[PDB]
Amino acid sequence: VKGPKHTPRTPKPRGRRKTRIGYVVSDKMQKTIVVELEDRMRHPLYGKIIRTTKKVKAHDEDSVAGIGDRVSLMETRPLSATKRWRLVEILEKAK
Amino acid sequence: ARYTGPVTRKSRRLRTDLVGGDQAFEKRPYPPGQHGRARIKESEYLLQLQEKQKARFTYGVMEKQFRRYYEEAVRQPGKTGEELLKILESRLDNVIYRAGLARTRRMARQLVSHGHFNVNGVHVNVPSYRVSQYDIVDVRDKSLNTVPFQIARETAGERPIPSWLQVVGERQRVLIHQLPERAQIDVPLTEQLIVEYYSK
Amino acid sequence: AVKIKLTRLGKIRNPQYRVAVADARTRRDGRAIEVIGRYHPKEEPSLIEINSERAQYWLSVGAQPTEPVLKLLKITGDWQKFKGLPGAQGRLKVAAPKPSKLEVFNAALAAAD
Amino acid sequence: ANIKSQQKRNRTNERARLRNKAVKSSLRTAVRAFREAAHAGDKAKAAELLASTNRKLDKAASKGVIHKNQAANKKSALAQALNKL
RNA sequence: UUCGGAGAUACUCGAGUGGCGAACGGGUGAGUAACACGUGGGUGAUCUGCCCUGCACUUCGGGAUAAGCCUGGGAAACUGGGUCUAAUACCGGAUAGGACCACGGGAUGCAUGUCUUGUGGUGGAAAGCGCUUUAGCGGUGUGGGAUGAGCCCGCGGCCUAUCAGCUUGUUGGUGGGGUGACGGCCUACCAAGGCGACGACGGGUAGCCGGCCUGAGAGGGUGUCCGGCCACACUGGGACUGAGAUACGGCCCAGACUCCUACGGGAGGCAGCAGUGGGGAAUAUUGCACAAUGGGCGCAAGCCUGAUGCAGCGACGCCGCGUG
RNA sequence: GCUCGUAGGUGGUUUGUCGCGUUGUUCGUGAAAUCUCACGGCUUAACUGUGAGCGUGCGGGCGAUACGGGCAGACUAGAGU
Ligand SMILES: [Mg+2]
Ligand SMILES: [Mg+2]
Ligand SMILES: [Mg+2]
Ligand SMILES: [Mg+2]
Ligand SMILES: [Mg+2]
Ligand SMILES: [Mg+2]
Ligand SMILES: [Mg+2]
Ligand SMILES: [Mg+2]
Ligand SMILES: [Mg+2]
Ligand SMILES: [Mg+2]
Ligand SMILES: [Mg+2]
Ligand SMILES: [Mg+2]
Ligand SMILES: [Mg+2]
Ligand SMILES: [Mg+2]
Ligand SMILES: [Mg+2]
Ligand SMILES: [Mg+2]
Ligand SMILES: [Mg+2]
Ligand SMILES: [Mg+2]
Ligand SMILES: [Mg+2]
Ligand SMILES: [Mg+2]
Ligand SMILES: [Mg+2]
Ligand SMILES: [Mg+2]
Ligand SMILES: [Mg+2]
Ligand SMILES: [Mg+2]
Ligand SMILES: [Mg+2]
Ligand SMILES: [Mg+2]
Ligand SMILES: [Mg+2]
Ligand SMILES: [Mg+2]
Ligand SMILES: [Mg+2]
Ligand SMILES: [Mg+2]
Ligand SMILES: [Mg+2]
Ligand SMILES: [Mg+2]
Ligand SMILES: [Mg+2]
Ligand SMILES: [Mg+2]
Ligand SMILES: [Mg+2]
Ligand SMILES: [Mg+2]
Ligand SMILES: [Mg+2]
Ligand SMILES: [Mg+2]
């Protein structure tokens with residue numbers, strides 16, 4: 001009958017998600033955007049740096065993104081069957 | 001297994017007297033058999049093969065056992081012919097030969113095999129026991145006052161003792177100073193044609 | 001339940017052991033959470049080592065030792081310094097040592113001359 | 001069955017099935033009465049049906065029949081169904 | 001004391017109720033080209049029996065029933081009814097914030113928000129048993145650990161284009177439903193998308209890995225012992241119970257096959273250990289023990305353990321030694 | 001057979017900047033066994049215990065800016081008019 005009745009938690013540091021940057025390929029999906037990311041990596045046998053491209057989906061809370069549009073992302077929980085990313089902000093939109 | 005056959009026959013084929021002192025050899029130093037007096041084709045493979053045989057029938061080592069000695073000798077730093085002849089010189093039956101307790105190699109092998117020795121107070125009967133630095137090589141108290149062990153008491157002089165081991169007085173015991181390097185190794189054979197044999 | 005148990009990993013007639021923190025829903029030689037010592041019951045006393053500061057962590061969080069490991073913690077004083085028993089000093093005992101390799105070798109050179 | 005204790009446990013699985021089913025069947029009718037009372041737009045009955053239905057979801061969760069998060073998700077959906085009314 | 005009938009009062013204990021375990025351990029590699037595995041992250045989107053600790057509490061009542069006893073059906077396997085008796089079985093209240101709703105501050109950021117506290121309105125637990133006289137074990141709600149687990153994502157490891165158009169719950173949204181949890185997971189409605197020559201959709205083959213063999217290396221081949229994860233348990237499908245289920249030695253349906261029958265109906269599942277048959281070039285004992293280590297239950301002694309520890313058989317491999 | 005051209009690969013001189021590639025360091029992780037090395041124990045060996053490497057990688061943090069790339073300009077030799 002001495003103790004505090006609430007043991008405070010051990011402070012666990014908040015781990016971070018993955019942030020990426022890419023162009024926009026589609027916009028006609030009703031609060032959903034399509035982003036073409038890209039990343040370069042060595043060939044395992046030959047050593048040449050191979051450039052490849054992905055296409056991820058992301059969530060627009062308000063539908064302001066068109067074709068072009070360098071966008072910054074951050075990955076989230078599953079929001080649909082395929083959406084795993086959210087739009088953070090638009091830097092240097094479609095010229 | 002052992003060889004358990006004629007001993008002059010494999011000194012004549014290898015053209016080198018492998019045991020110490022032989023009058024059957026040097027009456028016929030040419031290889032045995034019926035086509036012995038030929039002037040034979042000396043292949044490069046023959047010079048590497050017959051050089052490896054000179055060490056197997058000096059030390060009394062089978063081929064699978066001699067190959068495992070090569071496996072670590074090529075894998076230790078330094079050289080390969082240095083470390084192969086080192087670990088062959090460290091076997092217990094060779095240590096008994098260098099100390100003068102036996103006339104030949106084959107009688108050095110039985111006196112280890114029949115359990116007439118100790119090392120660190122421990123009864124051993126394995127002829128390929130490898131001694132290390134600072135190993136005493138003692139001898140069984142039962143094996144004192146025995147014919148082959150007291151017939152080698154008075155014959156302590158006709159063969160030299162190498163520098164890396166040492167024999168003492170009537171309490172017979174052999175002390176290993178260090179592992180033998182190269183210069184105190186008896187040389188009937190070169191040490192590079194064995195190394196070149198296992199590269200084929 | 002998290003158990004502190006022994007793990008047989010020797011030869012056929014030489015049962016070497018490791019003092020390992022494991023789960024009860026786990027076979028003997030599976031993945032342990034952590035190895036916190038060893039135990040060789042073939043030397044003349046035995047060869048007992050417990051980590052004894054990670055043992056004090058796992059006991060203080062709820063890992064129940066098995067009955068040979070509980071005897072080992074009483075010998076090393078770890079169970080006594082956890083429960084508050086007065087025998088918290090280590091009552092383990094090593095074998096009486098042998099003179100080394102060089103000391104016997106020089107005492108044969110001293111005796112031969 | 002072959003093992004003696006699996007004959008025993010086959011008998012206690014059915015008694016637990018009949019016990020869990022009668023509790024879960026009454027929770028459907030408690031929600032169903034509230035869905036009809038909230039469709040009448042009353043807010044008089046639907047205030048006190050909500051207090052008795054949310055009490056039944058708690059008691060099922062204390063009897064191990066539904067999970068405590070299942071009681072939480074169903075009480076929150078009936079309480080917000082009244083705030084729209 | 002009967003001269004083979006007794007005395008629940010009584011340690012002890014078959015059957016029975018109740019608890020916990022039976023989801024571990026052991027096996028196999030058919031399916032699987034996949035978040036299955038390897039490695040690295042996320043979980044502000046989650047669960048976690050037993051174990052450890054902090055804090056609260058352990059309060060009133062009630063109705064049955066298995067067993068027993070008496071009877072009915074059935075060839076069996078099994079099953080009906082009447083009475084009868086308990087409990088830590090079950091059921092109903094009182095009070096108990098980490099359920100829920102609304103409004104608050106306070107900290108926090110990584111958008112949904114999360115964490116901590118305030119007011120008001122709704123709420124939900126428990127079980128006792130033992131005692132030589134420090135015998136001792138349990139119960140329930142909540143804080144925090146530890147552990148085990150679920151789910152999502154980056155990247156990596158086959159052949160085939162003599163497979164080039166695939167996709168309609170499909171791709172996204174909203175409102176409900178659902179789950180431990182996010183989510184087309186389900187549903188209605190609305191939008192008309194999504195994927196693909198960086199190989200979609202097909203076809204062929206395959207458990208993946210630590211590793212093993214080879215090679216100077218880089219590579220190529222492989223996944224056997226041992227260790228990790230996964231998948232299955234006669235074939236196919238389904239749920240129940242539970243903290244947790246591909247439920248090998250559980251359930252229910254269908255199918256094939258074997259067996260029992262009084263023809264009405266029933267029973268079974270060695271890819272556990274040992275063993276038999278068959279196939280094959282070819283792969284072993286119907287062994288011993290719980291002494292050790294690990295596990296289940298028990299206050300404990302103990303009981304259980306074909307896990308495991310060992311032994312038998314085969315030059316099957318490696319290593320060592322003899323035959324002088 | 002020869003050309004044109006889509007995707008793709010590759011790209012002159014120079015200023016500034018970013019720090020993705022690249023490179024330095026540190027932390028976390030890369031289980032155990034196996035493998036290499038060194039000591040110990042089985043009479044030796046195989047086998048087995050311990051210590052250190054290895055685990056080529058991946059994530060987090062902090063330095064460097066020559067080269068490659070991105071971004072913002074300059075230039076005229078390539079190319080075109
Ligand atoms: Mg042999
Ligand atoms: Mg039972
Ligand atoms: Mg009904
Ligand atoms: Mg809901
Ligand atoms: Mg009984
Ligand atoms: Mg109990
Ligand atoms: Mg199982
Ligand atoms: Mg009664
Ligand atoms: Mg009550
Ligand atoms: Mg109340
Ligand atoms: Mg629809
Ligand atoms: Mg939505
Ligand atoms: Mg919803
Ligand atoms: Mg929806
Ligand atoms: Mg297959
Ligand atoms: Mg080559
Ligand atoms: Mg295997
Ligand atoms: Mg197998
Ligand atoms: Mg079968
Ligand atoms: Mg359930
Ligand atoms: Mg079962
Ligand atoms: Mg079976
Ligand atoms: Mg079998
Ligand atoms: Mg046959
Ligand atoms: Mg046992
Ligand atoms: Mg035991
Ligand atoms: Mg065996
Ligand atoms: Mg043999
Ligand atoms: Mg032509
Ligand atoms: Mg171009
Ligand atoms: Mg350039
Ligand atoms: Mg370019
Ligand atoms: Mg390792
Ligand atoms: Mg060694
Ligand atoms: Mg040794
Ligand atoms: Mg080892
Ligand atoms: Mg780094
Ligand atoms: Mg010009």
Side-chain angles (χ1 to χ4, degrees), chain A residues 1-10 14-18 26 28-32 39-41 44-45 49 52-53 57 59 61 74-84 86-88, chain B residues 1-2 4 65 68 75 92 106 110 113 119 122-130, chain C residues 1-3 5-12 14-17 23-33 35 38 40-41 58 60-64 66 68, chain D residues 1-3 5-6 9-10 12-14 16-17 19-20 50-51 54-55 57-59 61-62 67-73 75-77 79-80 83:
Chain A
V1 295
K2 301 283 102 176
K5 182 260 289 182
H6 280 172
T7 301
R9 290 187 182 96
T10 297
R14 185 79 183 278
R16 66 188 69 188
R17 279 99 152 93
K18 301 294 186 289
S26 175
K28 67 277 285 181
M29 289 173 67
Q30 192 175 3
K31 293 172 94 288
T32 305
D39 189 74
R40 62 188 66 245
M41 187 176 68
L45 187 59
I49 297 169
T52 56
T53 57
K57 282 80 175 174
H59 183 77
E61 61 272 17
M74 187 185 288
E75 58 98 15
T76 60
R77 63 173 173 86
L79 296 171
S80 67
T82 59
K83 291 170 73 171
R84 302 293 181 270
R86 69 179 176 93
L87 180 62
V88 176
Chain B
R2 295 179 69 249
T4 68
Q65 192 180 9
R68 295 181 64 88
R75 201 179 62 193
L92 206 164
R106 285 186 175 180
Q110 275 197 355
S113 178
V119 277
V122 181
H123 174 66
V124 298
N125 58 2
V126 280
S128 65
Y129 182 81
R130 289 184 290 169
Chain C
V2 182
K3 302 294 288 296
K5 62 175 76 175
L6 295 178
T7 302
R8 169 73 176 269
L9 46 88
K11 290 172 73 176
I12 178 167
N14 296 109
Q16 313 290 320
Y17 291 106
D23 194 2
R25 297 282 174 85
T26 303
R27 51 186 291 165
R28 279 201 285 104
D29 50 356
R31 295 182 71 99
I33 301 166
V35 172
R38 60 177 180 172
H40 298 169
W58 286 108
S60 70
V61 82
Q64 299 297 114
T66 65
Chain D
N2 291 312
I3 306 300
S5 292
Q6 189 62 255
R9 184 75 72 173
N10 280 322
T12 63
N13 283 324
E14 287 291 329
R17 184 181 65 82
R19 186 177 299 115
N20 294 322
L50 185 67
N54 293 328
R55 192 254 193 186
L57 292 172
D58 283 329
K59 294 178 77 70
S62 67
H67 197 272
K68 293 181 181 179
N69 294 324
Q70 186 178 359
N73 286 319
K75 289 189 285 185
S76 178
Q80 294 177 359
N83 291 326

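Within every chain, numbering begins at 1; the chains are lettered A, B, ... in the order of the sequence lines, protein sequences first and strands thereafter. Every heavy atom of this structure was used, including side-chain atoms; hydrogens, water molecules and symmetry mates were not.
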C1' atoms of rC273(E) and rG184(E), separation to the nearest Å: 50 Å

Can we call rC47(E) and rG98(E) a base pair, counting Watson-Crick and G-U wobble only and needing both distances under 3.5 Å? no

Hey, is the side chain of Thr53(A) poking within less than 4.0 Å of OP1 or OP2 on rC198(E), counting only N and O atoms? no

Distances under 3.5 Å between protein N/O atoms and the N/O atoms of nucleotides 293-297 of chain E, please, pair by pair.
| residue | atom | partner | partner atom | Å |
| --- | --- | --- | --- | --- |
| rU293(E) | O4' | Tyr17(C) | OH | 3.4 |
| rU293(E) | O2 | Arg28(C) | NE | 3.4 |
| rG294(E) | OP1 | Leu6(C) | N | 3.4 |
| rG294(E) | OP1 | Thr66(C) | OG1 | 2.7 |
| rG294(E) | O3' | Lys5(C) | NZ | 3.2 |
| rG295(E) | OP1 | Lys3(C) | NZ | 2.9 |

For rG184(E), glycosidic torsion class - syn if within 90° of 0, otherwise anti: syn

Please measure how far the P atom in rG42(E) lies from the corresponding atom in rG54(E), and state the result in whole Å. 33 Å

Which protein N or O atoms sit under 3.5 Å from an N or O of nucleotides 109-115 of chain E?
| residue | atom | partner | partner atom | Å |
| --- | --- | --- | --- | --- |
| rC110(E) | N3 | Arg14(A) | NH2 | 2.9 |
| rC110(E) | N3 | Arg17(A) | NE | 3.4 |
| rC110(E) | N4 | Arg14(A) | NE | 3.1 |
| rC110(E) | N4 | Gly15(A) | O | 2.5 |
| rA111(E) | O4' | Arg86(A) | NH1 | 3.4 |
| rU112(E) | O2 | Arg77(A) | NE | 3.2 |
| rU112(E) | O2 | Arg77(A) | NH2 | 3.4 |
| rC115(E) | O3' | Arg9(A) | NH1 | 2.7 |

Just name whichever nucleotide pairs with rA164(E), Watson-Crick or G-U, keeping both distances under 3.5 Å, else none. none

Tell me, please, if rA38(F) and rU50(F) meet the Watson-Crick or G-U wobble pairing rule with both distances under 3.5 Å? yes

Watson-Crick or G-U wobble between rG68(E) and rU83(E), both distances under 3.5 Å? yes

Can you confirm whether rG51(F) and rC37(F) pair in Watson-Crick or G-U wobble fashion, both distances under 3.5 Å? yes

Determine whether neighbouring nucleotides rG14(E) and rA15(E) are base-stacked, defined as six-membered ring centroids separated by less than 5.5 Å with an interplanar angle below 30°. yes

Base, sugar-phosphate alone, or nothing: which one does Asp39(A) contact when heavy atoms must sit under 4.0 Å apart? nothing

So, does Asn10(D) get its side chain near the phosphate of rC240(E), meaning an N or O under 4.0 Å from OP1 or OP2? no

Sequence neighbours excluded, the answer for side chain to side chain contact (heavy atoms under 4.5 Å, CB included) partners of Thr53(A) is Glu36(A), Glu38(A)

Work out how far the P atom of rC195(E) is from that of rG207(E), and round it to whole angstrom. 34 Å

Protein and nucleotides 272-274 of chain E: nitrogen or oxygen contacts under 3.5 angstrom:
none

With both distances under 3.5 Å required, do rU85(E) and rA6(E) pair Watson-Crick or G-U wobble? no

Tell me whether the side-chain N/O atoms of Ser128(B) come closer than 4.0 Å to OP1 or OP2 in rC321(E). yes

Report yes or no: do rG49(F) and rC39(F) constitute a Watson-Crick or wobble pair with both atom distances shorter than 3.5 Å? yes

If the cut-off is 4.0 Å, is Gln80(D) near the phosphate of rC100(E), judged by side-chain N/O to OP1 or OP2? no

Short side-chain N/O contact from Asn2(D) to OP1 or OP2 of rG269(E), under 4.0 Å: yes

Taking the 3.5 Å cut-off for both atom pairs, check whether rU308(E) pairs with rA289(E) as Watson-Crick or wobble. yes

With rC137(E) and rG128(E), is there a Watson-Crick or G-U wobble pair, both distances less than 3.5 Å? yes

Does the side chain of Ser62(D) get closer than 4.0 angstrom to OP1 or OP2 of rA125(E) through an N or O atom? yes

Could you check whether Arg130(B) gets within reach of a base, just the sugar-phosphate, or nothing at all, counting any heavy atom under 4.0 Å? nothing

base_contact_polar (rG172(E) base, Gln30(A) side chain, donor-acceptor, <3.5 Å): yes

Measure the spacing between NZ of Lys83(A) and NZ of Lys57(A) and express it to the nearest 0.5 Å. 11.0 Å

Is it the case that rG144(E) (base atoms only) and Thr7(A) (side chain only) share a donor and an acceptor within less than 3.5 Å, ignoring hydrogens and angles? no

Are any of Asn69(D)'s side-chain N or O atoms less than 4.0 Å away from OP1 or OP2 of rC47(E)? yes

In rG78(F), glycosidic geometry as syn within 90° of 0 or anti otherwise: anti

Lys68(D) side chain near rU142(E) phosphate (N/O to OP1/OP2, under 4.0 Å): yes

Can you tell me if the side-chain N/O atoms of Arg17(D) get under 4.0 Å from OP1 or OP2 in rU241(E)? no

Working to the nearest 0.5 angstrom, can you tell me the gap between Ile49(A) CD1 and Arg40(A) CZ? 7.5 Å

Say we look at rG144(E) and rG21(E): how far apart would their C1' atoms be, to the nearest angstrom? 29 Å

Can you check whether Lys59(D) has a side-chain N or O nearer than 4.0 Å to OP1 or OP2 of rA125(E)? yes

If we take the P atom in both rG30(F) and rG210(E), what is their distance in whole Å? 16 Å

Taking the P atom of each, how far is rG55(F) from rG211(E), in whole Å? 11 Å

Rounded distance (Å) that lies between atom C1' of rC51(E) and atom CH2 of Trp58(C): 12 Å

Report yes or no: do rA77(E) and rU179(E) constitute a Watson-Crick or wobble pair with both atom distances shorter than 3.5 Å? no

Quote, to the nearest angstrom, the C1' distance that separates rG242(E) from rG180(E). 15 Å

In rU171(E), glycosidic geometry as syn within 90° of 0 or anti otherwise: anti

Ring centres of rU286(E) and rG287(E) closer than 5.5 Å, with planes less than 30° apart? no

Expressed as a whole number of angstroms, how long is the span from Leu50(D):CG to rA102(E):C1'? 13 Å

Need one value for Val119(B): base, sugar-phosphate or nothing, where a base atom within 4.0 Å counts as base even if backbone is also close, heavy atoms only. nothing

When the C1' atoms of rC78(E) and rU261(E) are compared, how many Å lie between them, rounded to an integer? 15 Å

Chain B contact limits on RNA chain F, taken 5' to 3' with a cut-off of 4.0 angstrom to heavy atoms: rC37(F) to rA46(F)

Taking only residues two or more places apart in sequence or in another chain, which ones pass side chain to side chain contact (heavy atoms under 4.5 Å, CB included) with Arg25(C)? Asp23(C)

Give none if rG21(E) has no partner; otherwise give the nucleotide forming a Watson-Crick or G-U wobble pair with it, both distances under 3.5 Å. none

When you check the phosphate oxygens OP1 and OP2 of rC100(E), does a side-chain N or O of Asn73(D) lie under 4.0 Å from one of them? no

Could you state the CZ-P distance from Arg19(D) to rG92(E), rounded to the nearest angstrom? 11 Å

If only side-chain N and O atoms of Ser26(A) are considered, is one of them under 4.0 Å from the OP1 or OP2 phosphate oxygen of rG193(E)? no

Under 3.5 Å, is there an N or O donor on one side and an acceptor on the other linking the side chain of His6(A) and the base of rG97(E)? yes

Hey, would you call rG184(E) and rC185(E) stacked, ring centres under 5.5 angstrom, planes off by under 30 degrees? no

Within 90° of 0 counts as syn, otherwise anti: where does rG26(E) fall? anti

